[PDB]
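A.B. asks: Handing you a structure now.
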Amino acid sequence: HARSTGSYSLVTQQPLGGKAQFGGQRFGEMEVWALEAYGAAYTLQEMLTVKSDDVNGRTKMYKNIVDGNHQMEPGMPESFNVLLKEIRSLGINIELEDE
Amino acid sequence: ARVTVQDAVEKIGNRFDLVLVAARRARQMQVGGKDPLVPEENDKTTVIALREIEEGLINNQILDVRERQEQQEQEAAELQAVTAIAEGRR
Amino acid sequence: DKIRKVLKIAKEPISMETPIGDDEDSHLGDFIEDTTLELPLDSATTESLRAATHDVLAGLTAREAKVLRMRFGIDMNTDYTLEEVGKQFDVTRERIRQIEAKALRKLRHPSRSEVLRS
Amino acid sequence: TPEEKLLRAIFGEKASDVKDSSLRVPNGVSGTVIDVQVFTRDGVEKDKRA
Amino acid sequence: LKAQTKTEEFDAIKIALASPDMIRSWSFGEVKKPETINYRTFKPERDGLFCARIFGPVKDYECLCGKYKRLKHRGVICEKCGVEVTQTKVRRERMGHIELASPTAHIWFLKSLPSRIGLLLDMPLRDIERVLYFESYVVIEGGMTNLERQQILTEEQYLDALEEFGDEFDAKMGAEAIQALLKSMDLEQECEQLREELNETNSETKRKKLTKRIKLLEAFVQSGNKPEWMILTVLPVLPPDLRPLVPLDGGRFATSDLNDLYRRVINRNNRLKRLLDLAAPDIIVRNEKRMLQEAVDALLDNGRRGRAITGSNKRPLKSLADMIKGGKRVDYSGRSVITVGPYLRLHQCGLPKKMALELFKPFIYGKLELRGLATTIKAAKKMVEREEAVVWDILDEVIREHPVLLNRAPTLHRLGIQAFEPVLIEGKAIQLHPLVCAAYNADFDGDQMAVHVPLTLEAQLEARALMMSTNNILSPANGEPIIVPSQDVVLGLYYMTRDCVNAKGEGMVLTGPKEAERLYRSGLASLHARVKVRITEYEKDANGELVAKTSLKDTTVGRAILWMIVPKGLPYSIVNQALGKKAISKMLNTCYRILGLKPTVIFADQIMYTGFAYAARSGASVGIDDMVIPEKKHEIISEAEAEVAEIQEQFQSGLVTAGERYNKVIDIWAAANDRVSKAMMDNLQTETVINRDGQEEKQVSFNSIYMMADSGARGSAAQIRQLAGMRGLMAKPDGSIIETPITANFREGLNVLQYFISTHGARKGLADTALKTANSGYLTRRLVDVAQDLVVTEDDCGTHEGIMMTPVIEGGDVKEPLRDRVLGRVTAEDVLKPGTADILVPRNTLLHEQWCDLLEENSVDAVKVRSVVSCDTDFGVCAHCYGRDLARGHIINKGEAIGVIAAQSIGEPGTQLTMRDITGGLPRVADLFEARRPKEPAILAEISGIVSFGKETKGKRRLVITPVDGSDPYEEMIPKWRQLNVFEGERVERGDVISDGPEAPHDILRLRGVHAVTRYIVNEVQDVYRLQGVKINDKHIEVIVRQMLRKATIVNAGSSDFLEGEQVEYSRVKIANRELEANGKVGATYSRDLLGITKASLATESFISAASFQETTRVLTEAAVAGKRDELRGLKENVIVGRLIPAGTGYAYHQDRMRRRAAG
Amino acid sequence: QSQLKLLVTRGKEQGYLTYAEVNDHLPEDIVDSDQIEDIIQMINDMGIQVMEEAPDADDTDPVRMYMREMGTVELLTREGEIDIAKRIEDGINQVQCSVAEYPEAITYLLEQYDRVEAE
Amino acid sequence: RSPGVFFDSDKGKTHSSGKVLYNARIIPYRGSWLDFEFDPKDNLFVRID
Ligand SMILES: Nc1nc2c(ncn2[C@@H]2O[C@H](COP(=O)(O)OP(=O)(O)O)[C@@H](OP(=O)(O)OP(=O)(O)O)[C@H]2O)c(=O)[nH]1
Ligand SMILES: [Zn+2]
Ligand SMILES: [Zn+2]
């Protein structure tokens, strides 16, 4: 199997297919252990945001790839923003303040 | 540094900073003002930066200083516009 | 057929939190793909399309670039008709359509928009 | 999108109010069709090939 | 003059209660109808759970009705329907609220272990706090006569008390009653009066609840949250997209359970509102309130009490809490079945053509449009979708120096994911270098690996400078090489030695490389003779460089040709003069330590190529005649069965103890098994005769099987013993051993009986393996969770103290020395020398300088060394105190990630640990790390004194020992059970043994010392690895034990509140800033406390990191009570947020941001 | 006494957290999905001190609690029903009469009637 | 498990100390469980379903 960019689930903007392409590979805890062990901060950074479930990040970084710019320009993944809304959905309030 | 890359770390301790500065230089090359120092020989910008670091040129202080000169070149040489704008709102 | 449409309203119906493959652990709502989003490839082609068109209207004249641009309404939101452009360019209707057709004649050799078609 | 309207205007519209969802053999595999089959609804115009 | 009001960068997140107005701030409208979607038009209703005006529009930029369509009105709302036409993702972020009539209690702050609403109010949970809000027993809200302040009354008591007084002590019942109860409560005045009362003339008979509640009340009052928010009156609504009802295939919608919950609570709330306007019967209204309570409690968190059903499904409904209480798929990835690739290098891997084509899609697109060929992006798409030859060449350009990292399923350690340079291969399978095939613990049974493409620039450099296979020469666990040649190659190089006498031999001498010409041209053999040649050796000393040394040594053909592979340096010849077995890795290791990276890598490739080539040239096979059985087999078996026959005959006529003849006859068959084993080995080993010059001589058998066994290559003594010898004692399901071992062997026939006996061993073997394989990772998770927060920082601090390292000697009564536990270790301070000088202060013991610790004779077997256990560091680890043990030869880079690598290395060999006064195995390791007290804990003398009996069994009691001397006595408790070890009158020292049994780590740490307890743990956890034969450095154990002793207990009087057990982090940093702040008397002295991995991991600063592993419902709640905030230095909690990791390539970013957050 | 001594003495520490044990050594109506969480929360986690926070805290159903207050019968007969209904009609009558006393209610009805006839 | 009735072991440590504690159990084909087990105090208890 191989996947560059395909479909994503409605609930969580995570890669999946079987209709035209193939659902992307799963990283996991066992792998993030290794990346932390190496110290590959940027590898894990992308693997957790733009390379996975970052709505605008994937598109922005994709355009950066086709233009031969690479870089990243990451952002807060929806797999945490949803968590913010879910916790906020209860009587408990969580806010991300500046400094 | 096609296979270590280990000979570059002793030039700047802690492999991490090595990755930072090398990615910095490679970022300068891939997009914007290219101009490599060590001959390309059909190598990606990933390794070219590592070659330079191994060569002895292009470090952290080097890039920072050249960035300072770059700023003093873009700013001081083109102040005739900024100064003219300074009189815009008195 | 009315009965057919009736059975299409029955049931709650099914909830996403229903187990299916019984993996570790499966969920019906996890197989539901999103369709409102566009492919990054498609978005890239759209951006490249904007740049392509923005670069094609450069090889045209002002009284022809603006014509094609304003008629089909691009980079200006509200698109106008033959009359609203014929009044702002003196000669009305047919004349502005003539140039509008001539511009289309210009694009029969370049391959950019040609391959962008598909 | 305006650019697409212009693009089709230069190569011919034919902007049919229909899309596309034809069954295509998945990329990678390849073989020979050995048997076709069609299960029609009870009250639908049967096809020629059917 | 900043004060920006946009979504910029954040340094921390805050968690706390939400006021009703706080809920209103998120409200973009109010849900008022249980309606969802239209039955016919399929269009969102007015004020339903899926409103368009409140939440967001269906389509992107067009409103509900259709008055406005395109981007013309993106900021203006519609006239006919107030629908803000922006995006459709707006519908995913819009909140909303429902404003209930009568107040409602939050299920979390109500019933979540401690009664948060109860403990704050000091009132029973499921007893009193239930009966007064479920409309049953009215409660009081403060009275100035007869009645107290928080007593419970019945309707009869209510009217009676109302009749006696009334109109001056009014107190309602239900939710709003508890609301006024919390609201009327003054946290401040009680915080004062409680401090006054709970300190006046009270010993240890009260202090518990006193300190507990006062700390809790102080925390809550300082938190900022008002107790009014405890029970909600306004319930917020989750965005529609996070709980949509999307039409599946041909009708049949798919909705979330939350819609059912919200619909129910809306219905019940509306009826409640309607009842409070029409006729109001007390029973009906109170019941509907309880029903509203049911709906709300079910929506927030089901749990918990019966579980609301409905929805046709017999399964419960997934509430909000159930969606956040308990695998990150990623793009640009793939996987396939692996295959060996001998022709590959060490930094290369076989990546399929079509596979790599789909992977680097965006790269191929960009490069195509960059060069030319494709006029546009879509042109490139249509060009690669139709694989048009030239595109492939472009592919060869994009994957040039663009590393791709490979990964296997069971990722135990860091070497689970290694990067390689992609090499196009005409096929659909992925090829891998056979050298790094051991790091993955991968075989070619059909296993499949996954590939990931580093997209980011610095991600490519991370994969090249860190995750590259060439950078992982040495194992992170032990300094020994990991890419060491295995079965096939080692057999090859083993065959390239093996000095055989004569047979086309003779001492025809030449000069190295020239000998190669001799080999291909036949004439001479290959394993002769020995023969002499000229070897040009190279050595260096002092001033480095290179010094030639030509000589004439007596090697063989194989050694001569193999010598060409050896790099510039090395002692030469002597590394080849040996053979191929274990020194095969030793040679690679020494080459690494004396040469460097690159020459060590190419040497590995060369020895791999040479190994495979000559292995193929050899043609070693495995026929049926390769496993020769001993002739003395039947003889030995008869002799053994003869002895056991006599024993049985004796048992028949009594004499010997028949009760245990089973054991002694087992010794008989076991002895016989060793006899057959010894006979087979002595036979299959030597043998041969040859015919040297005048004939008659003996070497060692060239019997293939023996060649494989005497050269690694998967072949042990036991297996061979079962092949030709015999399978010994077989296990029985009872756990006992059968007194009739498998006399036959695999070379021979096997009877149905003994096979039906062996099937038990195979069954339990696979079963136990399946258990310990999952149990190993089960331990690894705990190890990581407790250790994945410490990173080597602040360069190199001071300090000299550290555990005195000494060779682990069981040689007291068994003889077993190991003196390699000191290497790459930073010395404490000049550890003496039988004379003077020698060792420096902070000089790290080099690999060549540890060999200098043999020139100081066997006298010096004790050196003080700085360890991670000690170290006066604060929130990290000193670089010196750690060591250097990595794939790198130098010291650990500043800002690494010691924790995860340590945990991985420890839980890696867990797969090969056999679970069971000696437990032994994985379970033993777990018990050691958890710091659990033994089933029969020993006792020690706390203070050195005079041992004397303290009243022979006068309690209670049970013996009592009282070691009293100097000043003050002590009364320990001996429970008769188990004897003693010290008579009366005798004196003892500070921490003497007085039970002679299993020692408890708690007592050791508390009394003996930290160095002692850590030494105990490390030297006890290794002893279970010695038996299993798994090499693992002591550094990692010291690493986990470091934070295993994270917290302590202060006992005196200081700024800290005495009884509180806090970590030595804040303790040390505060005691250092108090001796020179105002006065040293404003602080107390602490005491280290031993706590297990789980107990240690339980405590952590970040509430998000805690919300990860442990019970989320608890941590999130308690963190909600007190205005806590993560800020924000942890690894785990900074991963789920999706940002740079405060370690490795990061760290510097975090350091800059950390110093940046000092302005305010 | 019973619950406290049994729970503490037995659970030391039950090794594998033998849940299916003391749950039967508890009174009241069993087989509930409520008391379950109050035991799995005490055994581990905050060991030692948690076993002291358990007793101090230990020192249910909608419909069943609805039938409880519904238990108050106060049933009626034909005489009772007619009686209560009579009081209702009496109350309504007094209210309507009290409205009749109000002259502005009459004049308003007159004004609104003229509004009705004026369409 | 075959229907009928069998006496189970439960041998070994079940409450520290370690002392037998035998128990009988009746397994119906279509009905409710009927168990009989002892305790450390040598009392007899019954489990219905
Ligand atoms: N250690 C090292 N090698 C470099 C370096 N730069 C280039 N090389 C070597 O170049 C060889 C092949 O590179 P090519 O792509 O064919 O040519 P190129 O140098 O112009 O790019 C490899 O040899 P090889 O590694 O010896 O092959 P092998 O030992 O893996 O079998 C590679 O290691 C470097 O900076 N350090
Ligand atoms: Zn509208
Ligand atoms: Zn240190």
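Within each chain, counting starts at residue 1; across the structure tokens, chains are named A, B, ... in the order shown, with ligands numbered 1 upward in that order.
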Give as a list in words the residues surrounding ligand 3 up to a distance of 7 Å, considering only C-alpha atoms and all ligand atoms.
C.D. replies: residues 796, 797, 798, 799, 868, 870, 871, 872, 873, 877, 878, 879, 880 and 881 of chain E
A.B. asks: Write the selection just made, keeping N, CA and C atoms, as a CSV table (one decimal), in the first residue's frame?
C.D. replies:
chain,number,residue,atom,x,y,z
E,796,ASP,N,26.9,20.6,32.3
E,796,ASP,CA,27.5,19.8,33.3
E,796,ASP,C,27.7,20.5,34.6
E,797,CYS,N,26.9,20.1,35.6
E,797,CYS,CA,26.9,20.8,36.9
E,797,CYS,C,28.1,20.3,37.7
E,798,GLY,N,28.2,20.7,39.0
E,798,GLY,CA,29.3,20.3,39.9
E,798,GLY,C,29.0,18.9,40.5
E,799,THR,N,29.2,18.9,41.8
E,799,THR,CA,29.1,17.6,42.6
E,799,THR,C,30.1,16.6,42.3
E,868,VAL,N,23.5,9.2,37.5
E,868,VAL,CA,22.3,9.9,37.4
E,868,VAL,C,21.5,9.8,38.7
E,870,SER,N,22.7,10.3,41.8
E,870,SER,CA,23.0,11.5,42.5
E,870,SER,C,22.8,12.7,41.7
E,871,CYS,N,23.8,13.5,41.5
E,871,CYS,CA,23.7,14.7,40.6
E,871,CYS,C,22.9,15.8,41.3
E,872,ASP,N,23.5,16.9,41.6
E,872,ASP,CA,22.8,18.1,42.2
E,872,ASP,C,22.0,18.9,41.1
E,873,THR,N,21.5,18.2,40.1
E,873,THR,CA,20.7,18.9,39.1
E,873,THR,C,19.4,19.2,39.6
E,877,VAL,N,19.2,16.3,34.0
E,877,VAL,CA,20.3,15.4,34.2
E,877,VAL,C,21.6,15.9,33.7
E,878,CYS,N,22.6,16.0,34.6
E,878,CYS,CA,23.9,16.4,34.2
E,878,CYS,C,24.5,15.5,33.1
E,879,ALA,N,25.2,16.1,32.1
E,879,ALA,CA,25.7,15.3,31.0
E,879,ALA,C,26.9,14.4,31.5
E,880,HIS,N,27.7,14.9,32.4
E,880,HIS,CA,28.8,14.1,32.9
E,880,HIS,C,28.3,13.0,33.8
E,881,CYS,N,27.4,13.3,34.6
E,881,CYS,CA,26.9,12.3,35.6
E,881,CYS,C,26.2,11.1,34.9
A.B. asks: May I have the residues within 6 Å of ligand 1, computed using only C-alpha atoms and all ligand atoms, as a ChimeraX atom specification?
C.D. replies: /B:1-3,41 /E:345-346,598,602,605
A.B. asks: Report as a PyMOL selection string the set of chain E residues whose atoms approach chain F to within 10 Å, with distances computed over only C-alpha atoms.
C.D. replies: chain E and resi 111-115+118-119+123-127+130-131+134-136+208-209+283-284+286-287+290-291+293-294+303-307+1094-1095+1098+1110-1111+1114
A.B. asks: Set out as a tab-separated table a contact list for chain E and ligand 2 with a cut-off of 7 Å, giving each residue of chain E that qualifies its closest atom pair and distance in Å to one decimal, counting only C-alpha atoms and all ligand atoms, ordered by chain and rising residue number.
C.D. replies:
residue	atom	partner	partner_atom_place_in_ligand_line	distance
E:63	CA	ligand 2	1 (Zn)	4.5
E:64	CA	ligand 2	1 (Zn)	4.6
E:65	CA	ligand 2	1 (Zn)	4.2
E:66	CA	ligand 2	1 (Zn)	5.3
E:67	CA	ligand 2	1 (Zn)	5.3
E:68	CA	ligand 2	1 (Zn)	6.5
E:78	CA	ligand 2	1 (Zn)	4.6
E:79	CA	ligand 2	1 (Zn)	6.5
E:80	CA	ligand 2	1 (Zn)	5.5
E:81	CA	ligand 2	1 (Zn)	4.6
E:82	CA	ligand 2	1 (Zn)	6.7
E:83	CA	ligand 2	1 (Zn)	6.0
A.B. asks: What's the 10 Å shell around residue 6 (chain A), counting only C-alpha atoms, without same-chain residues fewer than 3 positions away, as a PyMOL selection string?
C.D. replies: (chain A and resi 3+14-24) or (chain C and resi 38-41) or (chain E and resi 331-332)
A.B. asks: Keeping only N, CA, C and O atoms, write the selected residues as a tab-separated table (two decimals), in the first residue's frame.
C.D. replies:
chain	number	residue	atom	x	y	z
A	3	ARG	N	0.20	5.82	-0.04
A	3	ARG	CA	-0.73	6.94	-0.04
A	3	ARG	C	-0.02	8.28	0.12
A	3	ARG	O	0.69	8.51	1.09
A	14	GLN	N	-8.70	12.55	9.71
A	14	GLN	CA	-7.61	11.60	9.59
A	14	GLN	C	-7.73	10.80	8.29
A	14	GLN	O	-8.84	10.48	7.86
A	15	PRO	N	-6.59	10.48	7.67
A	15	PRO	CA	-6.53	9.80	6.38
A	15	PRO	C	-7.19	8.42	6.39
A	15	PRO	O	-6.96	7.63	7.31
A	16	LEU	N	-8.00	8.15	5.37
A	16	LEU	CA	-8.65	6.86	5.20
A	16	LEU	C	-9.18	6.76	3.78
A	16	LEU	O	-9.45	7.78	3.14
A	17	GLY	N	-9.33	5.54	3.28
A	17	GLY	CA	-9.79	5.35	1.91
A	17	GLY	C	-10.54	4.05	1.67
A	17	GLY	O	-11.50	3.74	2.37
A	18	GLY	N	-10.09	3.29	0.68
A	18	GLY	CA	-10.74	2.06	0.29
A	18	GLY	C	-11.79	2.28	-0.78
A	18	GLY	O	-12.48	1.35	-1.19
A	19	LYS	N	-11.90	3.53	-1.24
A	19	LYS	CA	-12.85	3.88	-2.28
A	19	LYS	C	-12.12	4.28	-3.56
A	19	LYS	O	-12.67	4.19	-4.66
A	20	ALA	N	-10.88	4.72	-3.41
A	20	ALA	CA	-10.05	5.11	-4.54
A	20	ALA	C	-8.58	4.91	-4.22
A	20	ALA	O	-7.79	4.50	-5.07
A	21	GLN	N	-8.21	5.20	-2.97
A	21	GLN	CA	-6.84	5.01	-2.51
A	21	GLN	C	-6.80	4.06	-1.32
A	21	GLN	O	-7.69	3.23	-1.14
A	22	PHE	N	-5.76	4.20	-0.51
A	22	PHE	CA	-5.58	3.35	0.67
A	22	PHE	C	-5.38	4.21	1.92
A	22	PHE	O	-4.62	5.18	1.90
A	23	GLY	N	-6.07	3.85	2.99
A	23	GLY	CA	-5.98	4.59	4.24
A	23	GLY	C	-4.57	4.56	4.78
A	23	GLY	O	-3.98	3.50	4.93
A	24	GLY	N	-4.03	5.74	5.09
A	24	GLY	CA	-2.64	5.87	5.51
A	24	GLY	C	-2.25	5.01	6.70
A	24	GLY	O	-3.11	4.54	7.45
C	38	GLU	N	-11.93	19.29	-0.08
C	38	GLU	CA	-11.38	19.03	-1.41
C	38	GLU	C	-9.98	18.44	-1.29
C	38	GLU	O	-9.27	18.68	-0.31
C	39	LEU	N	-9.59	17.66	-2.29
C	39	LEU	CA	-8.26	17.07	-2.33
C	39	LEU	C	-7.20	18.16	-2.40
C	39	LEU	O	-7.38	19.14	-3.13
C	40	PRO	N	-6.11	18.00	-1.65
C	40	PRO	CA	-4.99	18.94	-1.69
C	40	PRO	C	-4.46	19.09	-3.12
C	40	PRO	O	-4.01	20.17	-3.51
C	41	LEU	N	-4.52	18.00	-3.88
C	41	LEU	CA	-4.15	18.02	-5.29
C	41	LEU	C	-5.08	18.96	-6.06
C	41	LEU	O	-4.62	19.78	-6.85
E	331	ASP	N	-0.64	10.58	6.39
E	331	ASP	CA	-0.42	10.57	4.95
E	331	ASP	C	1.05	10.35	4.61
E	331	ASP	O	1.90	10.34	5.50
E	332	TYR	N	1.33	10.18	3.32
E	332	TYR	CA	2.70	9.96	2.85
E	332	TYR	C	3.31	8.74	3.53
E	332	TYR	O	4.41	8.81	4.07
A.B. asks: Show me, as JSON, numbers by chain, the residues of chain C whose atoms get within 10 Å of chain A, using only C-alpha atoms for the distance check.
C.D. replies: {"C": [29, 30, 31, 32, 33, 34, 35, 36, 37, 38, 39, 40, 41, 43, 44, 45, 47, 48]}
A.B. asks: Please dump the current selection as a PDB file, in the first residue's frame; keep N, CA and C atoms.
C.D. replies:
ATOM      1  N   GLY C  29     -18.918   5.027  12.740  1.00  0.00           N
ATOM      2  CA  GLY C  29     -18.668   6.427  12.452  1.00  0.00           C
ATOM      3  C   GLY C  29     -17.235   6.715  12.046  1.00  0.00           C
ATOM      4  N   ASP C  30     -16.385   5.696  12.113  1.00  0.00           N
ATOM      5  CA  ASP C  30     -14.981   5.855  11.759  1.00  0.00           C
ATOM      6  C   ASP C  30     -14.719   5.506  10.298  1.00  0.00           C
ATOM      7  N   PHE C  31     -15.696   4.876   9.655  1.00  0.00           N
ATOM      8  CA  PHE C  31     -15.582   4.530   8.242  1.00  0.00           C
ATOM      9  C   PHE C  31     -16.214   5.599   7.356  1.00  0.00           C
ATOM     10  N   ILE C  32     -17.033   6.452   7.962  1.00  0.00           N
ATOM     11  CA  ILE C  32     -17.678   7.542   7.241  1.00  0.00           C
ATOM     12  C   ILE C  32     -16.659   8.592   6.809  1.00  0.00           C
ATOM     13  N   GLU C  33     -16.436   8.697   5.503  1.00  0.00           N
ATOM     14  CA  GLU C  33     -15.464   9.641   4.967  1.00  0.00           C
ATOM     15  C   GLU C  33     -16.064  11.035   4.821  1.00  0.00           C
ATOM     16  N   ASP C  34     -15.208  12.049   4.867  1.00  0.00           N
ATOM     17  CA  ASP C  34     -15.640  13.424   4.655  1.00  0.00           C
ATOM     18  C   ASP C  34     -15.569  13.756   3.170  1.00  0.00           C
ATOM     19  N   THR C  35     -16.575  14.469   2.673  1.00  0.00           N
ATOM     20  CA  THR C  35     -16.643  14.784   1.251  1.00  0.00           C
ATOM     21  C   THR C  35     -16.702  16.286   0.993  1.00  0.00           C
ATOM     22  N   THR C  36     -17.003  17.058   2.032  1.00  0.00           N
ATOM     23  CA  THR C  36     -17.090  18.507   1.896  1.00  0.00           C
ATOM     24  C   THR C  36     -15.712  19.116   1.655  1.00  0.00           C
ATOM     25  N   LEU C  37     -14.674  18.405   2.085  1.00  0.00           N
ATOM     26  CA  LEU C  37     -13.302  18.843   1.866  1.00  0.00           C
ATOM     27  C   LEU C  37     -12.835  18.490   0.460  1.00  0.00           C
ATOM     28  N   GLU C  38     -11.927  19.293  -0.080  1.00  0.00           N
ATOM     29  CA  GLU C  38     -11.380  19.034  -1.406  1.00  0.00           C
ATOM     30  C   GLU C  38      -9.983  18.441  -1.292  1.00  0.00           C
ATOM     31  N   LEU C  39      -9.592  17.661  -2.295  1.00  0.00           N
ATOM     32  CA  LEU C  39      -8.261  17.067  -2.325  1.00  0.00           C
ATOM     33  C   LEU C  39      -7.205  18.162  -2.405  1.00  0.00           C
ATOM     34  N   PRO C  40      -6.108  18.002  -1.649  1.00  0.00           N
ATOM     35  CA  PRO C  40      -4.985  18.945  -1.694  1.00  0.00           C
ATOM     36  C   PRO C  40      -4.462  19.089  -3.117  1.00  0.00           C
ATOM     37  N   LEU C  41      -4.521  18.001  -3.877  1.00  0.00           N
ATOM     38  CA  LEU C  41      -4.155  18.023  -5.287  1.00  0.00           C
ATOM     39  C   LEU C  41      -5.075  18.962  -6.056  1.00  0.00           C
ATOM     40  N   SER C  43      -6.876  21.386  -4.834  1.00  0.00           N
ATOM     41  CA  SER C  43      -6.647  22.743  -4.352  1.00  0.00           C
ATOM     42  C   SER C  43      -5.394  23.340  -4.985  1.00  0.00           C
ATOM     43  N   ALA C  44      -4.368  22.513  -5.146  1.00  0.00           N
ATOM     44  CA  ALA C  44      -3.131  22.942  -5.786  1.00  0.00           C
ATOM     45  C   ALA C  44      -3.369  23.301  -7.248  1.00  0.00           C
ATOM     46  N   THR C  45      -4.167  22.484  -7.929  1.00  0.00           N
ATOM     47  CA  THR C  45      -4.502  22.724  -9.329  1.00  0.00           C
ATOM     48  C   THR C  45      -5.331  23.994  -9.481  1.00  0.00           C
ATOM     49  N   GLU C  47      -5.139  26.668  -7.443  1.00  0.00           N
ATOM     50  CA  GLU C  47      -4.204  27.770  -7.262  1.00  0.00           C
ATOM     51  C   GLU C  47      -3.383  27.983  -8.528  1.00  0.00           C
ATOM     52  N   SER C  48      -2.874  26.888  -9.085  1.00  0.00           N
ATOM     53  CA  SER C  48      -2.106  26.940 -10.323  1.00  0.00           C
ATOM     54  C   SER C  48      -2.968  27.431 -11.483  1.00  0.00           C
TER      55      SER C  48
END
A.B. asks: Excluding region 537-544 of chain E and any residue of its chain fewer than 5 positions from it, enumerate the residues within 10 Å of it, using only C-alpha atoms, and give them as an mmCIF file with N, CA and C atoms, in the first residue's frame.
C.D. replies:
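Result file follows (part.cif):
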data_model
loop_
_atom_site.group_PDB
_atom_site.id
_atom_site.type_symbol
_atom_site.label_atom_id
_atom_site.label_comp_id
_atom_site.auth_asym_id
_atom_site.auth_seq_id
_atom_site.Cartn_x
_atom_site.Cartn_y
_atom_site.Cartn_z
ATOM 1 N N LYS E 549 54.496 -2.052 9.636
ATOM 2 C CA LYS E 549 55.125 -3.176 10.318
ATOM 3 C C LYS E 549 55.000 -4.453 9.496
ATOM 4 N N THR E 550 55.881 -4.603 8.512
ATOM 5 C CA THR E 550 55.874 -5.782 7.655
ATOM 6 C C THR E 550 56.513 -6.964 8.377
ATOM 7 N N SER E 551 55.889 -8.131 8.265
ATOM 8 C CA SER E 551 56.404 -9.334 8.910
ATOM 9 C C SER E 551 55.990 -10.597 8.162
ATOM 10 N N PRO E 567 40.438 -2.680 7.601
ATOM 11 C CA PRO E 567 40.768 -1.274 7.337
ATOM 12 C C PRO E 567 42.231 -0.941 7.618
ATOM 13 N N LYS E 568 42.565 0.346 7.551
ATOM 14 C CA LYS E 568 43.940 0.811 7.723
ATOM 15 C C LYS E 568 44.549 0.404 9.065
ATOM 16 N N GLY E 569 43.879 0.766 10.155
ATOM 17 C CA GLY E 569 44.382 0.489 11.488
ATOM 18 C C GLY E 569 44.236 -0.961 11.912
ATOM 19 N N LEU E 570 43.862 -1.166 13.173
ATOM 20 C CA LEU E 570 43.695 -2.505 13.741
ATOM 21 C C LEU E 570 45.015 -3.260 13.904
ATOM 22 N N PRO E 571 45.078 -4.145 14.910
ATOM 23 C CA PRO E 571 46.266 -4.961 15.188
ATOM 24 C C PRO E 571 46.587 -5.907 14.038
ATOM 25 N N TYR E 572 45.586 -6.202 13.213
ATOM 26 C CA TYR E 572 45.764 -7.030 12.019
ATOM 27 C C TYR E 572 46.042 -8.500 12.324
ATOM 28 N N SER E 573 45.701 -9.361 11.369
ATOM 29 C CA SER E 573 46.019 -10.786 11.443
ATOM 30 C C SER E 573 45.426 -11.485 12.664
ATOM 31 N N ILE E 594 38.640 2.357 17.545
ATOM 32 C CA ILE E 594 39.990 2.797 17.205
ATOM 33 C C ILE E 594 40.068 3.533 15.870
#
A.B. asks: Could you give me, as a ChimeraX atom specification, each residue of chain D that DSSP assigns to alpha helix (DSSP H) when run on this structure's backbone?
C.D. replies: /D:2-11
A.B. asks: Would you mind listing what lies within 7 Å of region 232-241 of chain E as a PyMOL selection string, with only C-alpha atoms counted and same-chain residues fewer than 3 positions away left out?
C.D. replies: (chain A and resi 85-86+89-91) or (chain E and resi 20+23+50+91-100+103-106+229+244)
